[PDB]
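Okay, structure first, notes after.
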Amino acid sequence: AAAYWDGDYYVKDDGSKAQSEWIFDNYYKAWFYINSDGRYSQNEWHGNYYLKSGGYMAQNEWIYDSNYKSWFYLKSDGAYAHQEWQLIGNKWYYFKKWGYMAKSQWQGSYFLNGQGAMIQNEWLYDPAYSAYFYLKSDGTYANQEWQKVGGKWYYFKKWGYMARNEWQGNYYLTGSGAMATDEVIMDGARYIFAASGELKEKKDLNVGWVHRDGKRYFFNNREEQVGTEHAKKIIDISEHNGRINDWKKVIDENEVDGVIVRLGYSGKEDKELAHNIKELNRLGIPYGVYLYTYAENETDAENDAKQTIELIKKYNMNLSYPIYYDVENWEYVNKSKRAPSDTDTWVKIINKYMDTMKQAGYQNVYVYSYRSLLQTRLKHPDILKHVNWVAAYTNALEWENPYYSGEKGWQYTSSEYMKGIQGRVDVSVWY
Ligand SMILES: C[N+](C)(C)CCO
Ligand SMILES: C[N+](C)(C)CCO
Ligand SMILES: C[N+](C)(C)CCO
Ligand SMILES: C[N+](C)(C)CCO
Ligand SMILES: C[N+](C)(C)CCO
Ligand SMILES: C[N+](C)(C)CCO
Ligand SMILES: C[N+](C)(C)CCO
Ligand SMILES: [Cl-]
Ligand SMILES: [Cl-]
């Protein structure tokens with residue numbers, strides 16, 4: 001025996017201490033870097049190599065470096081992988097310049113997940129491109145082709161963008177991207193598809209707001225009249241519609257009878273509320289208001305009512321339509337919290353909001369929600385008695401409420417285009 005460790009120092013085959021050099025220890029079967037001070041490197045990098053705790057050079061292994069806040073992979077010769085792909089534990093990883101593992105990002109036509117692994121047979125919504133992509137079996141994005149995914153057909157355009165609300169040859173991609181296999185009503189027409197997706201027939205329809213025999217009516221997509229000649233066209237607006245440049249233009253050109261204006265959501269005022277109220281008041285356009293709730297309990301509900309009342313007085317609101325508690329299956333952007341799923345909690349929440357508003361002197365207060373929620377979570381006599389504005393973007397509402405009787409609204413669309421407004425608009429028929 002000749003060469004040996006002496007504390008932090010290494011004595012070579014001769015009598016001399018190692019200095020500024022790599023040594024291979026046959027006992028450990030490992031490489032070590034000895035520094036200019038004669039001591040082994042550990043828990044640190046030397047050029048392309050990482051020396052682990054105790055000095056051992058990393059080889060064929062992952063290292064997480066807390067200083068760089070990144071994973072690195074040391075190859076068979078110990079050098080860090082960089083600007084290259086590596087197959088490790090039967091998954092593909094990509095290493096960027098300086099060895100940083102790619103994560104939650106594209107590398108050309110491939111996408112690396114939060115763990116660094118190349119994704120395969122997976123949907124990806126990328127906010128950076130504002131669209132859906134599908135990573136195929138080989139990891140590359142679907143491109144200028146059909147893919148059958150989860151038992152349904154989707155079409156991918158140039159650069160991988162999932163087709164939606166559009167045609168591809170004889171096939172129509174619906175809003176979810178899924179190929180139409182039934183019927184689609186659009187363009188004032190009914191499109192009938194084979195179960196296999198090819199268009200079979202188009203039939204023109206009597207639908208929407210129609211002026212007929214000297215009067216105006218609303219027809220649902222089943223070609224059924226909703227209400228009478230006095231049916232009203234009500235839009236609902238928020239900061240999400242942007243700044244409305246010319247309110248009078250919107251009203252006249254689109255024959256709009258009234259507006260429900262977003263107050264905001266629990267704890268925050270809508271950015272366009274001040275402007276919208278100023279203009280609607282100035283022009284004497286009839287309006288009501290709504291608040292999107294993130295309530296979890298009666299305390300939140302009371303706070304919602306307090307907020308509502310504060311805003312009404314602040315902006316001198318003149319309410320021709322009701323105050324609406326907009327109740328949906330809410331979820332925090334960060335997913336930390338979501339709406340209570342039980343009916344009894346919502347009975348408490350909704351009635352606390354109503355009671356608080358009523359005690360404050362506001363007697364024209366109702367609930368808005370979606371048909372699906374009203375059939376399930378919100379299906380209770382003490383909730384339904386307050387519901388007179390229902391959303392269902394369907395061919396007919398086909399929903400009865402035994403607990404409310406009187407004037408009511410059906411929000412039949414969130415995709416209408418109107419003169420004087422940028423982008424899509426929510427519209428209701430009031431009857
Ligand atoms: C491997 N060293 C000898 C350098 C340290 C472990 O005792
Ligand atoms: C090159 N080293 C000596 C640093 C180790 C094995 O490649
Ligand atoms: C691996 N890094 C390049 C990030 C540091 C070592 O030189
Ligand atoms: C170590 N990674 C998390 C980077 C990949 C292996 O699961
Ligand atoms: C290594 N690549 C990612 C380029 C191909 C594996 O499918
Ligand atoms: C999928 N895109 C082509 C749009 C970007 C990533 O390569
Ligand atoms: C594209 N998906 C099928 C994942 C849903 C779209 O909303
Ligand atoms: Cl390297
Ligand atoms: Cl619904």
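By order of appearance in the structure tokens: chains A, B, ..., then residues from 1 within every chain, and ligands from 1 in the order shown.
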Distance filter 7 Å around ligand 8, atoms: only C-alpha atoms and all ligand atoms, out as a PyMOL selection string: chain A and resi 48+79-82
Pull the closest atom pair for each residue of chain A that gets at most 7 Å from ligand 7, along with the distance in Å to one decimal, counting only C-alpha atoms and all ligand atoms, ordering rows by chain and then ascending residue number, as a tab-separated table.
```
residue	atom	partner	partner_atom_place_in_ligand_line	distance
A:123	CA	ligand 7	4 (C)	5.9
A:132	CA	ligand 7	1 (C)	6.0
A:176	CA	ligand 7	6 (C)	4.1
A:177	CA	ligand 7	1 (C)	5.6
A:178	CA	ligand 7	3 (C)	6.7
```
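When the distance limit is 7 Å and only C-alpha atoms are what count, the residues near region 194-210 of chain A, minus those fewer than 2 positions from it on the same chain, are residues 170, 171, 179, 180, 181, 182, 188, 189, 190, 191, 192, 212, 216, 217, 218, 219, 220, 221 and 223 of chain A.
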In region 197-342 of chain A, DSSP helix (DSSP H, G or I) residues written as number ranges by chain: A: 239-241, 247-254, 273-283, 298-314
Could you save the residues just selected, with N, CA, C and O atoms, as a compact mmCIF listing (two decimals), in the first residue's frame?
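Full text of again.txt as output:
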```
# COMPACT_ATOMS: atom_id res chain seq x y z
N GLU A 239 -65.58 44.66 -17.06
CA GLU A 239 -64.28 45.16 -17.54
C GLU A 239 -63.72 44.26 -18.64
O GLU A 239 -62.90 44.70 -19.45
N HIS A 240 -64.17 43.01 -18.67
CA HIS A 240 -63.72 42.04 -19.68
C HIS A 240 -64.17 42.37 -21.10
O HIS A 240 -63.58 41.86 -22.06
N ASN A 241 -65.18 43.23 -21.24
CA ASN A 241 -65.59 43.75 -22.55
C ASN A 241 -64.76 44.96 -23.00
O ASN A 241 -64.97 45.49 -24.09
N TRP A 247 -71.74 54.30 -25.78
CA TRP A 247 -72.85 53.53 -25.23
C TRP A 247 -74.14 53.69 -26.04
O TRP A 247 -74.87 52.71 -26.29
N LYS A 248 -74.45 54.92 -26.44
CA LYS A 248 -75.69 55.16 -27.21
C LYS A 248 -75.67 54.36 -28.52
O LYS A 248 -76.70 53.81 -28.93
N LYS A 249 -74.50 54.31 -29.15
CA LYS A 249 -74.32 53.50 -30.36
C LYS A 249 -74.69 52.04 -30.11
O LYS A 249 -75.44 51.43 -30.88
N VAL A 250 -74.17 51.47 -29.02
CA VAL A 250 -74.46 50.07 -28.68
C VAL A 250 -75.96 49.84 -28.51
O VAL A 250 -76.53 48.87 -29.01
N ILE A 251 -76.61 50.75 -27.80
CA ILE A 251 -78.03 50.59 -27.50
C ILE A 251 -78.89 50.64 -28.77
O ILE A 251 -79.71 49.75 -29.02
N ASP A 252 -78.69 51.68 -29.58
CA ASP A 252 -79.52 51.88 -30.78
C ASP A 252 -79.26 50.83 -31.84
O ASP A 252 -80.19 50.20 -32.37
N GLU A 253 -77.98 50.65 -32.19
CA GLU A 253 -77.65 49.76 -33.30
C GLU A 253 -77.99 48.30 -33.04
O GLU A 253 -78.26 47.56 -33.99
N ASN A 254 -77.97 47.88 -31.77
CA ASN A 254 -78.25 46.49 -31.40
C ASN A 254 -79.63 46.31 -30.76
O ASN A 254 -80.00 45.19 -30.35
N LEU A 273 -66.60 49.80 -13.89
CA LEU A 273 -67.85 50.14 -13.20
C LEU A 273 -68.12 51.65 -13.18
O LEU A 273 -69.20 52.09 -13.57
N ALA A 274 -67.14 52.43 -12.71
CA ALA A 274 -67.28 53.88 -12.63
C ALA A 274 -67.71 54.47 -13.98
O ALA A 274 -68.69 55.21 -14.05
N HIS A 275 -66.99 54.12 -15.05
CA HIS A 275 -67.31 54.66 -16.37
C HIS A 275 -68.69 54.21 -16.84
O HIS A 275 -69.49 55.01 -17.35
N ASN A 276 -68.98 52.92 -16.67
CA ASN A 276 -70.25 52.36 -17.14
C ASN A 276 -71.45 53.02 -16.46
O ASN A 276 -72.40 53.45 -17.14
N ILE A 277 -71.39 53.17 -15.14
CA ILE A 277 -72.47 53.84 -14.40
C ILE A 277 -72.62 55.31 -14.81
O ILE A 277 -73.74 55.77 -15.03
N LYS A 278 -71.51 56.02 -14.93
CA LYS A 278 -71.55 57.42 -15.38
C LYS A 278 -72.30 57.57 -16.71
O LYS A 278 -73.20 58.42 -16.84
N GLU A 279 -71.96 56.73 -17.67
CA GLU A 279 -72.55 56.82 -19.01
C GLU A 279 -73.99 56.35 -19.03
O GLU A 279 -74.85 57.00 -19.64
N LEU A 280 -74.28 55.22 -18.37
CA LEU A 280 -75.65 54.73 -18.37
C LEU A 280 -76.61 55.71 -17.68
O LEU A 280 -77.72 55.93 -18.16
N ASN A 281 -76.15 56.32 -16.58
CA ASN A 281 -76.94 57.36 -15.91
C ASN A 281 -77.15 58.57 -16.81
O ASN A 281 -78.28 59.05 -16.97
N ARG A 282 -76.06 59.06 -17.40
CA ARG A 282 -76.12 60.23 -18.29
C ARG A 282 -77.12 60.02 -19.43
O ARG A 282 -77.90 60.92 -19.76
N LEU A 283 -77.09 58.82 -20.01
CA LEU A 283 -77.93 58.50 -21.17
C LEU A 283 -79.31 57.96 -20.80
O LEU A 283 -80.17 57.78 -21.68
N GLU A 298 -71.45 32.28 5.62
CA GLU A 298 -72.32 33.43 5.89
C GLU A 298 -71.57 34.74 6.13
O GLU A 298 -72.07 35.82 5.77
N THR A 299 -70.38 34.67 6.73
CA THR A 299 -69.56 35.87 6.92
C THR A 299 -69.19 36.50 5.56
O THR A 299 -69.39 37.70 5.36
N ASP A 300 -68.68 35.68 4.65
CA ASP A 300 -68.36 36.12 3.29
C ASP A 300 -69.59 36.73 2.62
O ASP A 300 -69.49 37.78 1.97
N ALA A 301 -70.74 36.08 2.77
CA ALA A 301 -72.00 36.56 2.17
C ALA A 301 -72.40 37.94 2.69
O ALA A 301 -72.83 38.80 1.93
N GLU A 302 -72.24 38.15 4.00
CA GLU A 302 -72.55 39.45 4.57
C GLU A 302 -71.60 40.52 4.01
O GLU A 302 -72.03 41.62 3.66
N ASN A 303 -70.32 40.18 3.92
CA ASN A 303 -69.31 41.05 3.32
C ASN A 303 -69.60 41.37 1.86
O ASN A 303 -69.36 42.50 1.40
N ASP A 304 -70.13 40.38 1.14
CA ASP A 304 -70.56 40.58 -0.25
C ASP A 304 -71.67 41.62 -0.32
O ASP A 304 -71.65 42.52 -1.16
N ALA A 305 -72.66 41.49 0.56
CA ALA A 305 -73.76 42.45 0.63
C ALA A 305 -73.23 43.84 1.00
O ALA A 305 -73.58 44.83 0.36
N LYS A 306 -72.35 43.91 2.01
CA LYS A 306 -71.78 45.21 2.40
C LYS A 306 -71.07 45.89 1.24
O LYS A 306 -71.25 47.10 1.02
N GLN A 307 -70.29 45.11 0.49
CA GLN A 307 -69.57 45.62 -0.68
C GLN A 307 -70.57 46.16 -1.72
O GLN A 307 -70.37 47.23 -2.28
N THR A 308 -71.62 45.38 -1.97
CA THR A 308 -72.64 45.76 -2.95
C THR A 308 -73.27 47.11 -2.59
O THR A 308 -73.41 48.00 -3.44
N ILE A 309 -73.64 47.26 -1.32
CA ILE A 309 -74.28 48.48 -0.84
C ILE A 309 -73.34 49.69 -0.96
O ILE A 309 -73.75 50.76 -1.42
N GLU A 310 -72.09 49.50 -0.56
CA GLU A 310 -71.09 50.56 -0.65
C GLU A 310 -70.97 51.08 -2.08
O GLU A 310 -70.93 52.29 -2.31
N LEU A 311 -70.93 50.16 -3.05
CA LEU A 311 -70.76 50.56 -4.45
C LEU A 311 -71.98 51.30 -5.00
O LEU A 311 -71.84 52.26 -5.74
N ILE A 312 -73.17 50.84 -4.63
CA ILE A 312 -74.40 51.47 -5.10
C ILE A 312 -74.46 52.95 -4.73
O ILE A 312 -74.75 53.80 -5.57
N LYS A 313 -74.15 53.26 -3.48
CA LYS A 313 -74.18 54.65 -3.02
C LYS A 313 -73.03 55.45 -3.60
O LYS A 313 -73.22 56.59 -4.03
N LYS A 314 -71.83 54.85 -3.63
CA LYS A 314 -70.63 55.50 -4.16
C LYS A 314 -70.86 56.09 -5.55
O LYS A 314 -70.45 57.21 -5.83
```
Within 12 Å of residue 160 (chain A) using only C-alpha atoms, minus same-chain residues under 6 positions, as a VMD selection string: chain A and resid 108 to 110 123 to 126 129 to 136 140 to 147 154
Take the residues from that selection and put them in a file with N, CA, C and O atoms, as a short mmCIF file (atom, residue, chain, number, x, y, z; two decimals), in the first residue's frame.
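Written output follows (out_18.cif):
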```
data_model
loop_
_atom_site.label_atom_id
_atom_site.label_comp_id
_atom_site.auth_asym_id
_atom_site.auth_seq_id
_atom_site.Cartn_x
_atom_site.Cartn_y
_atom_site.Cartn_z
N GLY A 108 -37.98 22.92 -28.92
CA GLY A 108 -38.40 22.64 -30.29
C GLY A 108 -39.82 22.11 -30.31
O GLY A 108 -40.74 22.78 -29.82
N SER A 109 -40.00 20.92 -30.86
CA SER A 109 -41.36 20.36 -30.99
C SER A 109 -41.78 19.49 -29.80
O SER A 109 -42.85 18.86 -29.83
N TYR A 110 -40.92 19.46 -28.78
CA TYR A 110 -41.14 18.65 -27.57
C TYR A 110 -41.42 19.54 -26.37
O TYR A 110 -40.99 20.70 -26.34
N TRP A 123 -52.30 16.28 -23.58
CA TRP A 123 -52.71 17.65 -23.87
C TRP A 123 -51.82 18.62 -23.13
O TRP A 123 -51.39 18.36 -21.99
N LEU A 124 -51.58 19.76 -23.76
CA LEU A 124 -50.94 20.87 -23.09
C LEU A 124 -51.63 22.17 -23.47
O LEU A 124 -51.76 22.49 -24.65
N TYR A 125 -52.08 22.91 -22.46
CA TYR A 125 -52.49 24.27 -22.71
C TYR A 125 -51.29 25.15 -22.37
O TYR A 125 -50.82 25.14 -21.24
N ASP A 126 -50.80 25.89 -23.36
CA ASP A 126 -49.69 26.79 -23.12
C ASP A 126 -50.16 28.24 -23.19
O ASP A 126 -50.46 28.75 -24.28
N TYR A 129 -48.67 30.69 -25.71
CA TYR A 129 -49.20 30.66 -27.08
C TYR A 129 -50.73 30.79 -27.10
O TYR A 129 -51.34 30.89 -28.17
N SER A 130 -51.33 30.79 -25.91
CA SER A 130 -52.79 30.90 -25.73
C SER A 130 -53.56 29.88 -26.57
O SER A 130 -54.46 30.24 -27.35
N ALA A 131 -53.20 28.61 -26.43
CA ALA A 131 -53.87 27.54 -27.19
C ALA A 131 -53.55 26.17 -26.66
O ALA A 131 -52.63 26.00 -25.85
N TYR A 132 -54.32 25.18 -27.12
CA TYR A 132 -54.03 23.78 -26.83
C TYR A 132 -53.14 23.14 -27.89
O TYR A 132 -53.29 23.40 -29.09
N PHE A 133 -52.24 22.29 -27.41
CA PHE A 133 -51.40 21.44 -28.24
C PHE A 133 -51.51 20.00 -27.75
O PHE A 133 -51.85 19.76 -26.58
N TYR A 134 -51.22 19.04 -28.62
CA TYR A 134 -51.24 17.65 -28.20
C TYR A 134 -49.90 17.01 -28.53
O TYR A 134 -49.47 17.01 -29.68
N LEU A 135 -49.21 16.53 -27.49
CA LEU A 135 -47.93 15.86 -27.67
C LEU A 135 -48.18 14.39 -27.93
O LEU A 135 -48.76 13.68 -27.09
N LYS A 136 -47.75 13.94 -29.10
CA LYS A 136 -48.06 12.61 -29.61
C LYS A 136 -47.23 11.53 -28.92
O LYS A 136 -46.43 11.82 -28.03
N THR A 140 -43.59 14.54 -30.09
CA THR A 140 -43.68 15.76 -30.92
C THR A 140 -45.13 16.29 -30.98
O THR A 140 -46.09 15.52 -30.91
N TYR A 141 -45.28 17.60 -31.11
CA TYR A 141 -46.63 18.15 -31.18
C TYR A 141 -47.37 17.73 -32.46
O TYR A 141 -46.78 17.69 -33.54
N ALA A 142 -48.64 17.37 -32.30
CA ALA A 142 -49.50 17.05 -33.44
C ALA A 142 -49.55 18.27 -34.36
O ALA A 142 -49.71 19.40 -33.89
N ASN A 143 -49.41 18.04 -35.66
CA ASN A 143 -49.25 19.15 -36.60
C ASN A 143 -49.86 18.80 -37.96
O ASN A 143 -49.48 17.79 -38.56
N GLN A 144 -50.78 19.65 -38.42
CA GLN A 144 -51.46 19.50 -39.71
C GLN A 144 -51.98 18.08 -39.88
O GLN A 144 -51.72 17.40 -40.89
N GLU A 145 -52.73 17.63 -38.87
CA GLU A 145 -53.22 16.26 -38.84
C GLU A 145 -54.30 16.05 -37.80
O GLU A 145 -54.43 16.83 -36.84
N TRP A 146 -55.06 14.98 -38.00
CA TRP A 146 -56.06 14.54 -37.03
C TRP A 146 -55.40 13.66 -35.99
O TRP A 146 -54.47 12.90 -36.31
N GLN A 147 -55.90 13.72 -34.76
CA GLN A 147 -55.53 12.76 -33.72
C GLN A 147 -56.78 12.33 -32.97
O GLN A 147 -57.60 13.18 -32.61
N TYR A 154 -59.75 15.18 -32.93
CA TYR A 154 -59.31 16.58 -32.86
C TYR A 154 -58.42 16.83 -34.07
O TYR A 154 -57.76 15.90 -34.55
#
```
Surroundings of ligand 2 up to 9 Å, based on only C-alpha atoms and all ligand atoms, as a ChimeraX atom specification: /A:21-24,30-33,46-49,57,59,76-79
At most 6 Å from ligand 1 (only C-alpha atoms and all ligand atoms): residue list as a PyMOL selection string: chain A and resi 5+54-55
Could you build a table of the residues in chain A lying no more than 12 Å from ligand 3, giving for each the nearest pair of atoms and their separation in Å rounded to one decimal place, using only C-alpha atoms and all ligand atoms, ordered by chain and ascending residue number, as JSON lines?
```
{"residue": "A:43", "atom": "CA", "partner": "ligand 3", "partner_atom_place_in_ligand_line": "6 (C)", "distance": 11.5}
{"residue": "A:44", "atom": "CA", "partner": "ligand 3", "partner_atom_place_in_ligand_line": "6 (C)", "distance": 8.2}
{"residue": "A:45", "atom": "CA", "partner": "ligand 3", "partner_atom_place_in_ligand_line": "6 (C)", "distance": 5.1}
{"residue": "A:46", "atom": "CA", "partner": "ligand 3", "partner_atom_place_in_ligand_line": "7 (O)", "distance": 6.3}
{"residue": "A:47", "atom": "CA", "partner": "ligand 3", "partner_atom_place_in_ligand_line": "7 (O)", "distance": 4.6}
{"residue": "A:48", "atom": "CA", "partner": "ligand 3", "partner_atom_place_in_ligand_line": "7 (O)", "distance": 5.5}
{"residue": "A:49", "atom": "CA", "partner": "ligand 3", "partner_atom_place_in_ligand_line": "6 (C)", "distance": 7.0}
{"residue": "A:50", "atom": "CA", "partner": "ligand 3", "partner_atom_place_in_ligand_line": "6 (C)", "distance": 7.4}
{"residue": "A:51", "atom": "CA", "partner": "ligand 3", "partner_atom_place_in_ligand_line": "6 (C)", "distance": 10.5}
{"residue": "A:62", "atom": "CA", "partner": "ligand 3", "partner_atom_place_in_ligand_line": "1 (C)", "distance": 12.0}
{"residue": "A:63", "atom": "CA", "partner": "ligand 3", "partner_atom_place_in_ligand_line": "1 (C)", "distance": 10.1}
{"residue": "A:64", "atom": "CA", "partner": "ligand 3", "partner_atom_place_in_ligand_line": "1 (C)", "distance": 10.5}
{"residue": "A:65", "atom": "CA", "partner": "ligand 3", "partner_atom_place_in_ligand_line": "4 (C)", "distance": 8.7}
{"residue": "A:66", "atom": "CA", "partner": "ligand 3", "partner_atom_place_in_ligand_line": "4 (C)", "distance": 11.0}
{"residue": "A:67", "atom": "CA", "partner": "ligand 3", "partner_atom_place_in_ligand_line": "4 (C)", "distance": 9.3}
{"residue": "A:68", "atom": "CA", "partner": "ligand 3", "partner_atom_place_in_ligand_line": "4 (C)", "distance": 6.7}
{"residue": "A:69", "atom": "CA", "partner": "ligand 3", "partner_atom_place_in_ligand_line": "4 (C)", "distance": 9.8}
{"residue": "A:70", "atom": "CA", "partner": "ligand 3", "partner_atom_place_in_ligand_line": "4 (C)", "distance": 8.6}
{"residue": "A:71", "atom": "CA", "partner": "ligand 3", "partner_atom_place_in_ligand_line": "1 (C)", "distance": 9.4}
{"residue": "A:72", "atom": "CA", "partner": "ligand 3", "partner_atom_place_in_ligand_line": "1 (C)", "distance": 7.0}
{"residue": "A:73", "atom": "CA", "partner": "ligand 3", "partner_atom_place_in_ligand_line": "1 (C)", "distance": 9.2}
{"residue": "A:74", "atom": "CA", "partner": "ligand 3", "partner_atom_place_in_ligand_line": "1 (C)", "distance": 9.4}
{"residue": "A:78", "atom": "CA", "partner": "ligand 3", "partner_atom_place_in_ligand_line": "1 (C)", "distance": 11.4}
{"residue": "A:79", "atom": "CA", "partner": "ligand 3", "partner_atom_place_in_ligand_line": "1 (C)", "distance": 9.1}
{"residue": "A:80", "atom": "CA", "partner": "ligand 3", "partner_atom_place_in_ligand_line": "1 (C)", "distance": 6.5}
{"residue": "A:81", "atom": "CA", "partner": "ligand 3", "partner_atom_place_in_ligand_line": "1 (C)", "distance": 8.8}
{"residue": "A:82", "atom": "CA", "partner": "ligand 3", "partner_atom_place_in_ligand_line": "1 (C)", "distance": 8.8}
{"residue": "A:83", "atom": "CA", "partner": "ligand 3", "partner_atom_place_in_ligand_line": "3 (C)", "distance": 11.6}
{"residue": "A:95", "atom": "CA", "partner": "ligand 3", "partner_atom_place_in_ligand_line": "1 (C)", "distance": 10.5}
{"residue": "A:96", "atom": "CA", "partner": "ligand 3", "partner_atom_place_in_ligand_line": "4 (C)", "distance": 10.0}
{"residue": "A:97", "atom": "CA", "partner": "ligand 3", "partner_atom_place_in_ligand_line": "3 (C)", "distance": 8.0}
{"residue": "A:98", "atom": "CA", "partner": "ligand 3", "partner_atom_place_in_ligand_line": "3 (C)", "distance": 4.2}
{"residue": "A:99", "atom": "CA", "partner": "ligand 3", "partner_atom_place_in_ligand_line": "1 (C)", "distance": 5.3}
{"residue": "A:100", "atom": "CA", "partner": "ligand 3", "partner_atom_place_in_ligand_line": "4 (C)", "distance": 6.6}
{"residue": "A:101", "atom": "CA", "partner": "ligand 3", "partner_atom_place_in_ligand_line": "4 (C)", "distance": 10.1}
```
Surrounding residues as a VMD selection string, ligand 5, max 7 Å, only C-alpha atoms and all ligand atoms: chain A and resid 85 to 86 92 110 138 to 139
Write out as a PDB file with C-alpha atoms, in the first residue's frame which residues come within 10 Å of residue 87 (chain A) when counting only C-alpha atoms, dropping same-chain ones fewer than 4 positions away.
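Dumped everything to selection.pdb:
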```
ATOM      1  CA  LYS A  91     -37.677   9.071 -19.806  1.00  0.00           C
ATOM      2  CA  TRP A  92     -36.246  11.808 -22.025  1.00  0.00           C
ATOM      3  CA  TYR A  93     -34.756  14.971 -20.521  1.00  0.00           C
ATOM      4  CA  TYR A  94     -33.242  18.025 -22.176  1.00  0.00           C
ATOM      5  CA  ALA A 117     -39.651  14.581 -18.425  1.00  0.00           C
ATOM      6  CA  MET A 118     -40.604  14.805 -22.104  1.00  0.00           C
TER       7      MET A 118
END
```
Polymer residues at most 8 Å from residue 8 (chain A), only C-alpha atoms, same-chain spacing of 4 or more positions, as a PyMOL selection string: chain A and resi 38-40
Could you give me, as a Markdown table, every chain A residue with an atom at most 6 Å from ligand 9, plus its closest atom pair and distance in Å to one decimal, counting only C-alpha atoms and all ligand atoms, rows ordered by chain then number?
```
| residue | atom | partner | partner_atom_place_in_ligand_line | distance |
| --- | --- | --- | --- | --- |
| A:370 | CA | ligand 9 | 1 (Cl) | 4.5 |
| A:371 | CA | ligand 9 | 1 (Cl) | 4.0 |
| A:372 | CA | ligand 9 | 1 (Cl) | 4.0 |
| A:392 | CA | ligand 9 | 1 (Cl) | 4.7 |
```
DSSP strand (DSSP E) residues within region 87-332 of chain A, as a ChimeraX atom specification: /A:87-88,91-95,105-107,110-112,122-126,131-135,145-149,152-156,166-168,171-173,183-186,189-193,199-204,208-212,215-219,225-226,232-237,258-265,268-269,287-292,323-326
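Using only C-alpha atoms, the nearest neighbour of residue 322 (chain A) within the list A:288, A:242, A:15, A:89 is A:288.
Distances to residue 387 (chain A) were evaluated for A:166, A:229, A:407, A:331 using only C-alpha atoms, and the minimum falls at A:407.
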Length of the CA of residue 27 (chain A) to CA of residue 1 (chain A) vector [Å]: 10.9 Å
Spatial neighbours of residue 2 (chain A), 12 Å, only C-alpha atoms, chain gap at least 6 places, as a VMD selection string: chain A and resid 10 to 16 25 to 27
Since we have the selection now, will you write its residues out, keeping N, CA and C atoms, as a short mmCIF file (atom, residue, chain, number, x, y, z; two decimals), in the first residue's frame?
```cif
data_model
loop_
_atom_site.label_atom_id
_atom_site.label_comp_id
_atom_site.auth_asym_id
_atom_site.auth_seq_id
_atom_site.Cartn_x
_atom_site.Cartn_y
_atom_site.Cartn_z
N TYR A 10 -4.31 14.32 0.22
CA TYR A 10 -4.08 13.04 -0.42
C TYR A 10 -2.60 12.84 -0.72
N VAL A 11 -2.06 11.73 -0.22
CA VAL A 11 -0.65 11.39 -0.42
C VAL A 11 -0.56 10.38 -1.55
N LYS A 12 0.12 10.77 -2.63
CA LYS A 12 0.18 9.98 -3.87
C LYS A 12 1.13 8.79 -3.74
N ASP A 13 1.31 8.03 -4.82
CA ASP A 13 2.23 6.86 -4.85
C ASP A 13 3.62 7.19 -4.31
N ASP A 14 4.18 8.32 -4.75
CA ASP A 14 5.39 8.89 -4.15
C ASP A 14 5.08 9.44 -2.74
N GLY A 15 6.01 10.15 -2.12
CA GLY A 15 5.75 10.69 -0.78
C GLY A 15 5.01 12.01 -0.75
N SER A 16 4.67 12.53 -1.93
CA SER A 16 4.20 13.91 -2.08
C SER A 16 2.68 14.07 -2.03
N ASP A 25 -9.06 7.19 -6.80
CA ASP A 25 -8.82 6.35 -5.64
C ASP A 25 -9.36 4.94 -5.95
N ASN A 26 -8.47 3.96 -5.99
CA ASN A 26 -8.85 2.58 -6.31
C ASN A 26 -9.68 1.87 -5.23
N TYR A 27 -9.58 2.34 -3.99
CA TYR A 27 -10.37 1.79 -2.88
C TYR A 27 -11.85 2.16 -3.04
#
```
